[PDB]
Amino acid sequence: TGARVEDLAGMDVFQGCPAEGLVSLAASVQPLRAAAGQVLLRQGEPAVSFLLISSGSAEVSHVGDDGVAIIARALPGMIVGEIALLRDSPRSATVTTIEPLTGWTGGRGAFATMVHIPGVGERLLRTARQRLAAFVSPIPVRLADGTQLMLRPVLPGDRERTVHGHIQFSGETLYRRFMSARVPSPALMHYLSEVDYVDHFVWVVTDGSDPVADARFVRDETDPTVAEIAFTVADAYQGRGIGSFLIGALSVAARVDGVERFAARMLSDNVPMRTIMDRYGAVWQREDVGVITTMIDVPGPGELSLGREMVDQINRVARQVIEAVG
């Protein structure tokens, strides 16, 4: 009954893989056909199953404890059902066919053989937590002047959210951040967007719909105990204390991630960033003309202006995203 290796060769998780690598698995799966409106999976059910989508589309619906449902979509080239099999846990979501759908599917054993394809298990994990991040609970954040926002992790869709959003990021902003006043290339947006949360962590703050700002760190290639950090705040939200908060938040996430030292780079002439830094120290060095750097140990307990309940919620959400699949 098995699948033609070509049949699986389009699936995102298999890209780069040598055809021979896929044969055992291609032998371990059966074809699946489903009509529009049909239910493939359900949120509490134990996981016996996984599916790879050749054609059609499916709605993903997750009911949080609040009782409100986050929705996403599963599309051709994508696995679904992998996560519960990854964590050995219940279905994270209910999955329903939108478009009539095909149709490669397998069981626990096929999954095993799949995981044993080199660098496949890793992709699966990455993408898994990537998806689980949508189900985490956005933390209410009320700044000193009363304006109310939300703290959550970046989602790939933030990319879209931001490009077509009504929130303005000035050329001067773009320049202070990326050193060009121009709007970020699609390639770049993808980079800022899709992350593993392990070597690349990103906070976004929103008005409750659209992201108004972000803070991220990327673990150093050679030294995993240090990461370079960066921030962006939308023009009209600047100067209200968002950046200070975000370095706190980022610091909690960092602590979780096993990161110790933050590295920073910036225009010598960008005062607020420098000020934020200066609160923790530390000495500035000149990296290049008009450009400065620095290195700080990560505060750390007692060194944060955030709160207790607050650092609790943050550390909780962060750790929830980071260790979700491991």
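Counting begins at 1, following the sequence as shown.
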task: Would you tell me which stretch averages the higher CA B-factor in the PDB entry, 138-146 or 179-187?
output: 138-146
- prompt: Of 64-72 and 295-303, which one has the bigger average CA B-factor?
  reply: 295-303
message: Quick check for you: using the entry's CA B-factors within this chain, is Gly56 in the lowest, middle or highest third?
response: lowest
message: Ranking every modelled residue in this chain by its Cα temperature factor as given in the entry, which third contains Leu22?
response: middle
- prompt: By the record's CA B-factor, is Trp284 among the lowest, middle or highest third of residues in the chain?
  reply: highest
Among modelled residues of the same chain, the CA temperature factor third for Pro90: lowest
task: Would you please rank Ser49 by its C-alpha temperature factor against the other modelled residues of its chain and give the third it falls in: lowest, middle or highest?
output: middle
